[PDB]
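Participant: The structure's right below; bear with me while I get my questions together.
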Amino acid sequence: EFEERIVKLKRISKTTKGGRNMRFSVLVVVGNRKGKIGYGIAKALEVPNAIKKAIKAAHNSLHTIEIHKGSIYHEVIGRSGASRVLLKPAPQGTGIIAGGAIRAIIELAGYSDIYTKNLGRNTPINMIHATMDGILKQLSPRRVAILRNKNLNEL
Amino acid sequence: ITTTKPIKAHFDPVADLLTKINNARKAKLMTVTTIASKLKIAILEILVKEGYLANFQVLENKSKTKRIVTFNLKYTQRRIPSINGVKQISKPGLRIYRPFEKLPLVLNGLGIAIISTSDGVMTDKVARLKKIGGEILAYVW
Amino acid sequence: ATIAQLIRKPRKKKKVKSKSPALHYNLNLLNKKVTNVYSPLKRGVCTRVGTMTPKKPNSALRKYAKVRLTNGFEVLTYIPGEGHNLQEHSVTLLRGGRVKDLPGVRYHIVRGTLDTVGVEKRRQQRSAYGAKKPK
Amino acid sequence: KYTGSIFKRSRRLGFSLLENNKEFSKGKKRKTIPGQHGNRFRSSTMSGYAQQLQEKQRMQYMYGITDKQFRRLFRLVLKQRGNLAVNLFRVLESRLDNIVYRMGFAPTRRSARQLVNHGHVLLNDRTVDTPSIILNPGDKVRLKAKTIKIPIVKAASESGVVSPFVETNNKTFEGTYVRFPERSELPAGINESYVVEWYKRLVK
RNA sequence: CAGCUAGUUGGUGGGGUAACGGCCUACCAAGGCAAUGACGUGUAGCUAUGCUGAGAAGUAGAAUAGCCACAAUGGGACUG
RNA sequence: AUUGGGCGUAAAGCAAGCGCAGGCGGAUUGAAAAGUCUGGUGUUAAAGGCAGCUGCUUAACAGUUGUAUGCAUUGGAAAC
RNA sequence: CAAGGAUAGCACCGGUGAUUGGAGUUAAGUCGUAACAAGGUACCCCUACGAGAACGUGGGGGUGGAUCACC
RNA sequence: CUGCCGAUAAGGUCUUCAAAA
Ligand SMILES: [Mg+2]
Ligand SMILES: [Mg+2]
Ligand SMILES: [Mg+2]
Ligand SMILES: [Mg+2]
Ligand SMILES: [Mg+2]
Ligand SMILES: [Mg+2]
Ligand SMILES: [Mg+2]
Ligand SMILES: [Mg+2]
Ligand SMILES: [Mg+2]
Ligand SMILES: [Mg+2]
Ligand SMILES: [Mg+2]
Ligand SMILES: [Mg+2]
Ligand SMILES: [Mg+2]
Ligand SMILES: [Mg+2]
Ligand SMILES: [Mg+2]
Ligand SMILES: [Mg+2]
Ligand SMILES: [Mg+2]
Ligand SMILES: [Mg+2]
Ligand SMILES: [Mg+2]
Ligand SMILES: [Mg+2]
Ligand SMILES: [Mg+2]
Ligand SMILES: [Mg+2]
Ligand SMILES: [Mg+2]
Ligand SMILES: [Mg+2]
Ligand SMILES: [Mg+2]
């Protein structure tokens, strides 16, 4: 049940020797709402073929996501170009306080409570890039234990 | 132990060590050297207790007039470090003093915060245990 | 910049200017001083009625007016509606606005309030133009 | 103060007051959005704002509420302890006129409001005229006696069809209520929780 | 808005004030403040607080409450 | 943009240098304790703020108890 | 002792003013064609003079210049 | 192998849409 939601449908065009070749570009986010989420951008002469190719690309590149108590473990800033997205842990109940492309990514990943603010640009591809970068740099409290030789997070 | 190169260090003592650690991590280098100071010596002792570096040896010259500390980083088998990011709080000029009620928690306790309250440098958790705060040196996670 | 630099010269905020300055000037007349007190809408008297041409895209004949408010400021205010009773010498109750076609006009005349008549033959969005409910 | 075309608004959203009495009807069995522009394309892909506003209306039209009243109740429930997702559901279902209809003593919800406004209902130890009192499970909301004889009591006294969260002690018309309504008694007409977040942006 | 301040800075004896005090007096001196912003210009009752903001804070000093100032304008004094 | 921004090509590195005051600043030892942290006491008027409760048919509202912030003094800590 | 009055010359601030300077804004006005390609004389910066006007030339400075080229 | 070579009135379409098969 990998649900998918369009996050942007732009109208790109090149110029030839007379006229304008117009192709639709779609940005689809696919997520199983259990820890797997990917993004795919595709271009085609028509929306249906563009959507099919974008979903195919998105399903080809699926990253693995870990959730802690339904939220994000530690506050993180994802950077991608000039877009910086701040994610902050939230108590169980606030809901997803995100909006736009980031909100779509968080819902499709599985996370519930999440504090976000877009501190940079409003271009959907870079915000999604920043969101995925922020979520992928996250450190579990068990990897640092193997690293720092602590006691499975114990004080 | 002998050397061949001259050893220099920056005038600001927290970020000098911080720059050494960060550059070595990014460049995959392991063994680095710097001049030894007691504040720098104490912060390295708590770091090895927290398990971010492997060994930390302070040395002295044959005349007892100079000391240089040469530390190495703790890389795993696949060669990825334990330190992820370092950031200094009480920079020169603007010194950061926070009371106990505002003692920070770095990455929900995953990282360690260095606080030298009254008994030398001290970790955030034990600072909370004693309910006493003070100078905050740097964030390490 | 730097902590020391900002200590010497702090951060000065950019200012803010109004869009209808002439509506916030009050002349006392007994002392002849102008103080800056904001007021939503103000009464004036027209001096010259006529028509103006819009900027570039638009093409039409828009009815302007040179109305002098209870203060001493002369502002060109558009008569918002189809048909007017202005007769070069009359009293009007201006409001805020900014027509984009005519450069310089930044006020609108509240219709159907004082000497200016309402806009009859209007059944849609009347509450704004001022027409008695058909009933 | 309410609309007088409940068929139209129920037909638009698509969900009636849970008996499909306003959807079945005796004519044409119409299940299209009202107006001339009802049998058109562009059905799905409602924006997040669009579906949220449509859903918000569903919650506040099921009970005949004004949005300002909704904002007051949300501001009330918001502050307390934590994830209060069990409290505001009880709060929204605690309306006095709503309980009389779930009591089975009224043909319709807004008709029950009319009887409440006219003074034909009582409470554990006082009388109630305003159809907005927030009730708490445990009050013996006993019915009137001079209204048990009115020419409309027949279907009123047929409360044998009643929700399990409104216990009446049948034939005694005591009509208390315990065992707060679970989501099962709150059907899929409006069963969502991001309407709370919609009011979180609009209402602090 | 770069100099301002001649009772302005200090001492002496005396007078006056509920009281200390150039507050006033006679004499003796030449100091005081100022680039860490004097002085000048413009503006404004101050505060607890109101609205807004995740916060740091921004904004107005409704009502009311504390303090100050005023009573057509400018001075003086009696009674207490 | 202290928290929380930038200055090669988009606004922004003075043409360059000698440089006082200011800011910052090698290592070790001793003392003091001005910053820094902490304990005790006083105070920070009442209303308002947040939490709980009561009373008005519930609410709005009113009352009720709780609820900080800073300053001063005193007693310790000595890492910077 | 002293409000106020009269006389006197400086200081700061405001309004207005014949006439005049430039500026912005304007669907379809007149004289050129200076810049963007090697823009048809490469461009740009500082400076001096000159001309209806864009601008021309002299001095210095830059590549944020085309062509050119090398097995 | 460097003659000469100046101008071109105003405002304007055109992407409807993927819900899906
Ligand atoms: Mg061609
Ligand atoms: Mg003296
Ligand atoms: Mg005043
Ligand atoms: Mg903010
Ligand atoms: Mg007041
Ligand atoms: Mg007042
Ligand atoms: Mg910027
Ligand atoms: Mg530049
Ligand atoms: Mg330079
Ligand atoms: Mg320069
Ligand atoms: Mg030098
Ligand atoms: Mg110096
Ligand atoms: Mg030192
Ligand atoms: Mg108080
Ligand atoms: Mg009250
Ligand atoms: Mg011409
Ligand atoms: Mg040319
Ligand atoms: Mg030519
Ligand atoms: Mg040329
Ligand atoms: Mg001529
Ligand atoms: Mg010439
Ligand atoms: Mg030249
Ligand atoms: Mg030249
Ligand atoms: Mg040069
Ligand atoms: Mg020719």
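Participant: Looking at the range C:1-46, which of the residues that are within 16 Å of RNA strand G (Cβ to nearest atom) and within 16 Å of the chain's Cα centre (by Cα) is nearest to the other protein chains (Cβ to nearest Cβ)?
Facilitator: Ranking the candidates gives C:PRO21 first.
Participant: Please count how many residues of the range A:78-110 are under 18 Å from B:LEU110 (Cβ atoms) and either within 14 Å of chain D (Cβ to nearest Cβ) or surrounded by 17 or more Cβ atoms within 10 Å (Cβ to Cβ) (or both).
Facilitator: Residues that pass the stated criteria total 5.
Participant: Go through the range B:111-129 and give me each residue that's more than 14 Å from chain A (Cβ to nearest Cβ) and surrounded by 13 or more Cβ atoms within 10 Å (Cβ to Cβ).
Facilitator: Once the filter is applied, which keeps residues that are more than 14 Å from chain A (Cβ to nearest Cβ) and surrounded by 13 or more Cβ atoms within 10 Å (Cβ to Cβ), the range B:111-129 yields B:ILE114, B:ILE115, B:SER116, B:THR117, B:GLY120, B:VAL121, B:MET122.
Participant: Does A:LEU139 satisfy being in a loop (DSSP other than H, G, I, E, B) and away from RNA strand H (no atom under 16 Å from the Cβ)?
Facilitator: yes
Participant: Another question, then. If you take just the helices (runs of 4 or more DSSP H) that sit entirely in the range D:25-130, which of them hold at least 2 residues that are within 14 Å of chain A (Cβ to nearest Cβ)?
Facilitator: D:48-61, D:67-78, D:87-92
Participant: Sort out which residues of the range C:6-27 are surrounded by fewer than 10 Cβ atoms within 10 Å (Cβ to Cβ) and more than 13 Å from RNA strand E (Cβ to nearest atom), and write them in order of number.
Facilitator: C:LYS17
Participant: Related question: Taking C:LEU76 as the residue in question, decide whether it is of a type in the set (A, V, I, L, M, F, W, C), more than 16 Å from RNA strand E (Cβ to nearest atom) and surrounded by 13 or more Cβ atoms within 10 Å (Cβ to Cβ).
Facilitator: Spelling it out, C:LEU76 is indeed of a type in the set (A, V, I, L, M, F, W, C), more than 16 Å from RNA strand E (Cβ to nearest atom) and surrounded by 13 or more Cβ atoms within 10 Å (Cβ to Cβ).
Participant: If you don't mind, another one. Restricting the search to the range B:34-90, which residues are part of a loop (DSSP other than H, G, I, E, B), of a type in the set (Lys, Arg) and surrounded by 15 or more Cβ atoms within 10 Å (Cβ to Cβ)?
Facilitator: B:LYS74
Participant: In addition: Pick from the range B:109-141 the residues that are away from ligand 13 (no atom under 16 Å from the Cβ) and of a type in the set (S, T, N, Q): which of them is nearest to A:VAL144 (Cα to Cα)?
Facilitator: Within the range B:109-141, the match that is nearest to A:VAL144 (Cα to Cα) is B:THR123.
Participant: Answer yes or no as to whether B:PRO13 is surrounded by 14 or more Cβ atoms within 10 Å (Cβ to Cβ) and within 16 Å of ligand 13 (Cβ to nearest atom).
Facilitator: yes
Participant: Another question about this same structure. Six or more apart or on different chains, Cβ atoms under 6 Å: show the pairs whose first residue is in the range B:93-110 and within 12 Å of chain A (Cβ to nearest Cβ) and surrounded by 14 or more Cβ atoms within 10 Å (Cβ to Cβ) and whose second is of a type in the set (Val, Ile, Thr) and in a helix (DSSP H, G or I).
Facilitator: Within 6 Å, the pairs are B:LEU110/A:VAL144.
Participant: So D:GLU182 clears everything in (1) more than 13 Å from chain A (Cβ to nearest Cβ); (2) surrounded by 12 or more Cβ atoms within 10 Å (Cβ to Cβ) except one condition, right? Which one?
Facilitator: Evaluating D:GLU182 over (1) more than 13 Å from chain A (Cβ to nearest Cβ); (2) surrounded by 12 or more Cβ atoms within 10 Å (Cβ to Cβ) leaves (2) as the failure.
Participant: Scan the range D:97-131 residue by residue and report those that are of a type in the set (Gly, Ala, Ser) and surrounded by fewer than 16 Cβ atoms within 10 Å (Cβ to Cβ).
Facilitator: D:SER111, D:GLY119
Participant: Next question, about the same structure. Out of curiosity, is A:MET132 buried (at least 19 other Cβ atoms within 10 Å of the Cβ), touching a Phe, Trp or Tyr at 6+ places or on another chain (Cβ under 9 Å) and either away from chain B (no Cβ under 14 Å) or not in a helix (DSSP H, G or I) (or both)?
Facilitator: yes
Participant: Could you figure out which of (1) within 12 Å of another protein chain (Cβ to nearest Cβ); (2) more than 16 Å from RNA strand E (Cβ to nearest atom) isn't true of A:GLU75?
Facilitator: Here A:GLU75 meets the rest and fails (2).
Participant: In the range C:29-70, which residues are over 24 Å from C:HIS84 (Cα atoms) and either more than 16 Å from RNA strand H (Cβ to nearest atom) or among the β-branched types (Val, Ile, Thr) (or both)?
Facilitator: C:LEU29, C:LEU30, C:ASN31, C:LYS32, C:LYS33, C:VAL34, C:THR35, C:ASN36, C:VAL37, C:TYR38, C:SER39
Participant: Looking only at the range B:54-87, which residues are among the basic types (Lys, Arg) and within 14 Å of chain A (Cβ to nearest Cβ)?
Facilitator: Once the filter is applied, which keeps residues that are among the basic types (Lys, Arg) and within 14 Å of chain A (Cβ to nearest Cβ), the range B:54-87 yields B:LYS74, B:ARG78, B:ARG79, B:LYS87.
Participant: Checking the structure you have, find out if any residue of the range B:75-97 is within 16 Å of ligand 13 (Cβ to nearest atom) and of a type in the set (A, V, I, L, M).
Facilitator: The answer is no, given that none of the residues of the range B:75-97 is within 16 Å of ligand 13 (Cβ to nearest atom) and of a type in the set (A, V, I, L, M).
Participant: Taking into account only those residues within the range D:41-78 that are among the charged types (D, E, K, R) and surrounded by 10 or more Cβ atoms within 10 Å (Cβ to Cβ), which is nearest to D:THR108 (Cα to Cα)?
Facilitator: Among residues in the range D:41-78 that are among the charged types (D, E, K, R) and surrounded by 10 or more Cβ atoms within 10 Å (Cβ to Cβ), the one nearest to D:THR108 (Cα to Cα) is D:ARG58.
Participant: Here's another thing I want to ask about it. Quick test of your reading of the structure: B:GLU101 fulfils all but one of (1) within 14 Å of RNA strand F (Cβ to nearest atom); (2) within 17 Å of the chain's Cα centre (by Cα). Name the failing condition by number.
Facilitator: Of (1) within 14 Å of RNA strand F (Cβ to nearest atom); (2) within 17 Å of the chain's Cα centre (by Cα), only one is false for B:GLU101: (2).
Participant: I'm checking my understanding of the structure. Among residues of the range C:57-72 that are in a loop (DSSP other than H, G, I, E, B) and touching a residue at least 40 places away in the same chain (Cβ under 8 Å), which one is surrounded by the fewest Cβ atoms within 10 Å (Cβ to Cβ)?
Facilitator: That would be C:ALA60.
Here Cβ is always computed from backbone atoms with ideal geometry, including for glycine, and neighbour counts include all displayed protein chains. Computed from the coordinates by the stated procedures, all read-outs in this text should not be read as laboratory data.
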